[PDB]
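1. begin with these chain(s), straight out of the complex:
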Amino acid sequence: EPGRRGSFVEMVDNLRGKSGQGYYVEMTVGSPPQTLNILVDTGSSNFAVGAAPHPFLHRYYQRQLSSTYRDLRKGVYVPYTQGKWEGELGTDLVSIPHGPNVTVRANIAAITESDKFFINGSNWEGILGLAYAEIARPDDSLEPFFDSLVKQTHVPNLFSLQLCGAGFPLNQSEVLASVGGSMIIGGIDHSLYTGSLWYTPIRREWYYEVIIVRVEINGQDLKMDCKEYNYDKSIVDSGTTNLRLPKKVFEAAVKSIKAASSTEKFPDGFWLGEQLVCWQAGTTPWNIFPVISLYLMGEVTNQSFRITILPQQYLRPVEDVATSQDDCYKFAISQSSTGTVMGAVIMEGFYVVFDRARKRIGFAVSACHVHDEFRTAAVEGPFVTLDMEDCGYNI
């Protein structure tokens, strides 16, 4: 054996937040530096910050107060089914206090209008899209922040994320004082995980796309054509709360999870991820819920590995509408019409390494994943898997 050292102490524990409202890191923009909390999102590629008064913002980017602000004289509109924002493009000097000790000039979308984008009480005033230029708006000519960081400094083309769910509800005061995880920029900190790191290839450089080759519910093979698991794509997205699955896969998964937890009957609203379920304090029956394993393509031909999450990950802690002492949760798995989305729910069980340089994503059991005395999340391999390329979807 050999104890693994943590070499990026300055960046360890630099995140705050939770799966339902997002995890954020502190950043500064402009001269003099204007401090803002920014949502870490591996599912988008724009660096955008509130730049005008808004009911849910306690502060925002004031371009007129920055001597280094540069106007790009271009607007941008970014709509999502669950949120939309409009902004004005420009550039300025940006830094990450608890990150690399560098300052770079990057693109910034000054949000002037928005709808259902900012979340009341989330404590963040902007978003940091860490994905590739291909999906940046208005187009791929707007260089993403991380690309600027790597091109302008000696920071390695890699970052890693340890999102830490608490395992219980956090009130407004508590979530502000709690450590929500770590975003290590330019490296891998070995104190954040246990076991070994297993890597899956980044299929294409736009979203952080990966390929799932097998799915199990408590060891039972869902037995669907693996192509279904990646229809029309599978991505790792810290900006989405739930583990989202293609309609057909969701239907098969929920049926299997229902069967595995059949000793307890839950209302349809629960399985729809709409209503919470509660149990008397400390009595949550974790053991009746199954573990979920997702097998991912490995880097070696015909080789795969699996990541296994517990209900402690897919059941999201929520406060009872009566703030009672009951322990309540919402089912954090839902259907998608845009492919599989490995959201915050899933990432909370692992330390995820976005190895841009080697076009691969690594997974390892997180040192802060919630579990019980009987089961733990896992990352195991290798397994012999054939024709994994056929699992990928093509329009």
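-> Arrived safely. Numbers count the residues shown, from 1 in each chain, chains lettered A, B, ... in the order given.
2. show residues contacting stretch A:247-255.
-> Residues from elsewhere that reach stretch A:247-255, judged by CB atoms under 8 Å, 6 or more residues apart in numbering: A:215, A:217, A:222, A:224, A:228-229, A:231, A:244-245, A:271, A:292, A:333-337, A:340. For the C-beta atoms, the positions are set from N, CA and C on the backbone; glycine is no exception.
3. and that stretch, C-alpha only, in CSV?
-> Extracted C-alpha coordinates of stretch A:247-255, given in CSV (Å, rounded to 0.1, in the frame of the first residue of the first chain):
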residue,chain,number,x,y,z
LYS,A,247,-37.5,8.1,-21.8
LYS,A,248,-37.3,4.3,-22.5
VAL,A,249,-34.4,3.8,-20.1
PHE,A,250,-36.1,5.8,-17.4
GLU,A,251,-39.2,3.7,-17.8
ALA,A,252,-37.2,0.5,-17.5
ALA,A,253,-35.1,1.8,-14.6
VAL,A,254,-38.1,3.0,-12.5
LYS,A,255,-39.9,-0.3,-13.0
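4. immediately after the one helix or strand residue A:252 maps to, which helix or strand?
-> Using DSSP states H and E, residue A:252 sits within helix A:247-260. Counting by DSSP H and E, the element after helix A:247-260 in chain order, helix or strand, is helix A:268-271.
5. and for that following helix, what are the contacting residues?
-> So helix A:268-271 is contacted by A:254, A:258, A:275, A:276, A:277, A:330, A:331 (CB under 8 Å, 6+ apart).
6. so which of the residues you listed wins on neighbours?
-> residue A:331 (23 neighbours; other CB atoms under 10 Å).
7. count of neighbours near residue A:374?
-> Residues near residue A:374, counting by other CB under 10 Å, number 8.
8. just checking, it touches residue A:285?
-> No - counting by CB atoms under 8 Å, residue A:374 stays clear of residue A:285, with 11.9 Å between them.
9. ok, residue A:47 to residue A:206 distance?
-> For residue A:47, the distance to residue A:206 equals 17 Å [CB to CB, to the nearest Å].
10. which one's more surrounded, the two?
-> Using other CB under 10 Å, the more surrounded residue of residue A:47 and residue A:206 is residue A:47, with 27 against 17.
11. find the nearest non-adjacent residue to the more buried one, please.
-> residue A:145 (4.3 Å; CB to CB, 6 or more residues apart in numbering).
12. who are the neighbours in contact with that neighbour?
-> A:47, A:94, A:106, A:107, A:128, A:129, A:130.
13. any idea how far the first one is from residue A:33?
-> Going back to what we said before, that points to residue A:47. The value you get for residue A:47 to residue A:33, if CB to CB is used, is 15 Å.
14. pick out the residue nearest the middle of chain A.
-> Nearest residue to the geometric centre of chain A (CA atoms, centre = their mean): residue A:238, 1.4 Å.
15. tell me who's in contact with that one.
-> Shown in contact with residue A:238 (CB under 8 Å, 6+ apart): A:22, A:23, A:40, A:41, A:42, A:43, A:130, A:161, A:163, A:343, A:344, A:347.
16. that one falls within a helix, correct?
-> No - counting by DSSP: H, G, I helix; E, B strand; the rest coil, residue A:238 is not found in a helix; it is coil.
17. tell me which element residue A:346 is part of?
-> Assigned by DSSP H and E, residue A:346 falls within helix A:344-347.
18. so what's the gap between that helix and the chain middle?
-> Centroid displacement of helix A:344-347 relative to its chain, using CA atoms, centre = their mean, to the nearest Å, is 6 Å.
19. what does stretch A:251-266 give?
-> That offset, for stretch A:251-266, works out to 26 Å (CA atoms, centre = their mean).
20. same deal with stretch A:225-239?
-> For stretch A:225-239, the separation from the chain centroid amounts to 14 Å (computed by CA atoms, centre = their mean).
21. and chain B on top of that:
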Amino acid sequence: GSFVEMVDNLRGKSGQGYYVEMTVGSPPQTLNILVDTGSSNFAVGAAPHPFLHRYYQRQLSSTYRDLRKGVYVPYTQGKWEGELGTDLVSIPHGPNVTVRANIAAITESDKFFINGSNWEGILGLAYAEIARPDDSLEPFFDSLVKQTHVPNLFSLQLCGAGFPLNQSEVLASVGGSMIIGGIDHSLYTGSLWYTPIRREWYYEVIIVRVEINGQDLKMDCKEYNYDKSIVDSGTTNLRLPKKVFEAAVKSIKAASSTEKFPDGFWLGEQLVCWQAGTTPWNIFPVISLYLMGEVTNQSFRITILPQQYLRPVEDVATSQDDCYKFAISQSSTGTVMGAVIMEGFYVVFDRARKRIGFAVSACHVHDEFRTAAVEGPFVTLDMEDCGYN
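-> One more chain to add, chain B, which I have set with the ones above:
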């Protein structure tokens, strides 16, 4: 016997299925329903689906009755999830009656519906024994016979066009006839020969001999019915048990050896094309299946042509070439006499007399040199040993 009101009431093709129009609920909701002698459930899409432009809306039917029970039906080639209930059902171009029957409202599915097939449900015409969830769910035809004076029998004339039919063409073409409660003599030529329905679950029969251009496949006849042989309008191909399939393909390849085709063709996966009008029908052999007759130690045979087992398909370039796919495939669940085979004959499902009749179809495709046939009798011993137990 002539049932003009039911003649030509079917549409579709072997590859996507043949369907009949039906109505469910009050007021009547019209839906196109796949005619399937290979299953026993009446199930209809009851929720939006990309392949459906209409579906059963239970909340709009005053006669809808909820049975408060679900049913999951998974097949290797398709699966559907449903909610059971009953309602009033009718067949516009069928007997002038309305009956209350069980209906599985399909709410979820996986590769069940077919894009462009034009049908939104399935009518399982087989027996209760294979009804899902169990045999307590009375099949539609059983309800029909019990509630009306309609004779316990129906006949099917599936009509293959012999060439590809595009979207608009297949909607205007007559795909055949489903005569409910009788036999229409205008749909066939020659005599009807009957084979016993071995057991009342699937429409099971017993094949006693197989020939490829007159040459005996020479296998133990039990191999032909392992683990059963059924007449299934819901399956496209003629499917044969693994061992029988391998022997048949070897023989068909040998007979058509003057022309070589890629393995993909024989796997029924890829098409083969010929310049317009030049399909070499004559190099392909006829296939004869001998069936147990109703008289002791007697059998008869049905013979199909390549016009039946080579299924017309459109070329990727929609050229003027005449293309087809090999419609004979391997099975691990017994012999399946699918649409391919039924297109050559008028098939009578004589439920009342527990037998299935075959006669040359008035709409089977052929050429000037050969025709499908139903001939007999032949002296065949120990035919009961051909059945699998």
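22. same question on the contacts of helix A:268-271, but now with chain B added
-> Counting contacts by CB atoms under 8 Å, 6 or more residues apart in numbering or on different chains, the residues outside helix A:268-271 that touch it are A:254, A:258, A:275, A:276, A:277, A:330, A:331.
23. list the buried residues for it?
-> For helix A:268-271, a neighbour-count test (16 or more other CB atoms under 10 Å in any protein chain shown) marks A:270, A:271 as buried.
24. after that helix comes which helix or strand?
-> Downstream of helix A:268-271, the next assigned helix or strand under DSSP H and E is strand A:277-279.
25. show me what that following strand is packed up against.
-> On a contact count with 3 or more CB pairs under 8 Å, 6 or more residues apart in numbering or on different chains; DSSP states H and E, strand A:277-279 meets strand A:327-331.
26. related to what we said a few turns ago, direction included, what does the following helix or strand past the helix holding residue A:346 pair up with?
-> The helix or strand immediately downstream of helix A:344-347 is strand A:350-355, counting by DSSP H and E. Paired strands of strand A:350-355, with direction, are strand A:159-163 (antiparallel), strand A:360-366 (antiparallel) (DSSP bridges).
27. could I get the ones you listed as TSV with mean neighbour count?
-> Converted to TSV, these look like this (neighbours: other CB atoms under 10 Å in any protein chain shown):
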stretch	mean neighbour count
strand A:159-163	27
strand A:360-366	24
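28. could I get those strands as JSON lines with distance to residue A:194?
-> Shown next, in JSON lines, are those (distance: least, CB to CB, whole Å):
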{"stretch": "strand A:159-163", "distance to residue A:194": "12"}
{"stretch": "strand A:360-366", "distance to residue A:194": "5"}
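29. give me the neighbour count for residue A:89.
-> Neighbourhood size, residue A:89 [other CB atoms under 10 Å in any protein chain shown]: 20.
30. cool, and the one 10 residues further on?
-> Burial measure for residue A:99: 21 neighbouring residues, criterion other CB under 10 Å.
31. can you check residue A:308 too?
-> So residue A:308, with other CB under 10 Å, has 21 neighbours.
32. and the angle for the helix or strand it falls within with strand A:360-366?
-> Here residue A:308 sits within strand A:303-309, counting by DSSP H and E. With axes from the mean of the first three to the mean of the last three CA atoms, to 10 degrees defining the directions, strand A:303-309 sits at 40 degrees from strand A:360-366.
33. what does strand A:303-309 rub up against?
-> Taking CB under 8 Å, 6+ apart as the rule, strand A:303-309 contacts A:198, A:200, A:213-214, A:216, A:243, A:291-298, A:345-346, A:349-350, A:363, A:377-385, A:388.
34. got a PyMOL select line for the buried ones in those residues?
-> To isolate the buried ones among the contacts of strand A:303-309 in PyMOL, judged by 16+ other CB under 10 Å, type:
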select buried, chain A and resi 198+200+213+214+216+243+291+292+293+294+295+296+297+298+345+346+349+350+363+377+378+379+381+385+388
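35. what residue in the stretch 251-395 of chain A comes nearest to chain B?
-> With CB to the nearest CB as the measure, residue A:251 is the residue of the stretch 251-395 of chain A nearest to chain B, at 5.3 Å.
36. quick one: contacts for residue A:172?
-> residue A:121.
37. ok, residue A:85 touching residue A:110?
-> No - using CB under 8 Å, residue A:85 makes no contact with residue A:110, being 10.3 Å away.
38. need the overlap of contacts for those two.
-> Counting by CB under 8 Å, 6+ apart, the residues touching both residue A:85 and residue A:110 are residue A:48.
39. just want to know which of these two has more residues nearby.
-> residue A:110 (26 against 23).
40. state the helix or strand in which that one lies.
-> In the assignment (DSSP H and E), residue A:110 maps to strand A:103-115.
41. cool, residue A:67 as well?
-> Going by DSSP H and E, residue A:67 is not in any helix or strand.
42. separation between it and residue A:32?
-> 8 Å.
43. coming back round to it: among the contacts of strand A:303-309, name the ones in strands.
-> Under the assignment DSSP state E, the contacts of strand A:303-309 contribute A:198, A:200, A:213-214, A:216, A:243, A:292-297, A:350, A:363, A:378-384 to strands.
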